[PDB]
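Only one chain is included here, represented as structure tokens and corresponding to the form deposited in one PDB entry.
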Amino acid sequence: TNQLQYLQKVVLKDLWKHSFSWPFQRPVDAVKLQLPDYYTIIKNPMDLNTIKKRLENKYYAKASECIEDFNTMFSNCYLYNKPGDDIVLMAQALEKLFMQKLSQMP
């Protein structure tokens, strides 16, 4: 659980502190945010909080499973949205930061 501890103590915490992660800290509320077909279009929803619980509850067996989840969160946003959307710009900054943290992993 060494790389997993990195993902939890370093990667996640660092991403969490940035305000551009705020829309990603909870599953998408399709009603409150008026995204009526969100769950019709996205089949594998993912958010940071789900990722955090999975780390807390020892859900992951290997670090690749966690990294898949992050990847799914970003691509989900790209799929659902289009270039130029605010949320996409936010997703892009999170992802960049993510990849930078990952390159430092043991």
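Shifts are known only where both forms have a C-alpha. Numbering starts at 1 and follows the sequence shown. In this text, the rigid core denotes the largest set of C-alpha atoms whose superposition between the two forms falls within 1.5 Å.
In this crystal structure, the stretch out of 48-56 and 74-82 whose C-alpha atoms carry the higher mean B factor is 48-56. Averaged over Cα atoms, the B-factor as recorded in the entry is higher for 62-70 than for the other of 24-32 and 62-70. For residue 10, the recorded CA temperature factor ranks within the highest third of the chain's modelled residues.
Quick note: we don't show the form deposited in another entry, though the next part is all about it.
Superposed on the core, the two forms differ at residue 42: its CA moves 2 Å or more between the shown form and the other one.
Compared with the form shown here, the Cα atoms of residue 68 and residue 44 sit 3 Å or more farther apart in the other form. Relative to the shown form, the Cα atoms of residue 21 and residue 42 move together by 3 Å or more in the other form. Taking residues common to both forms and aligning the rigid core, Cα displacements of 2 Å or more over three or more consecutive positions between the shown form and the other one occur in 26-29, 32-45.
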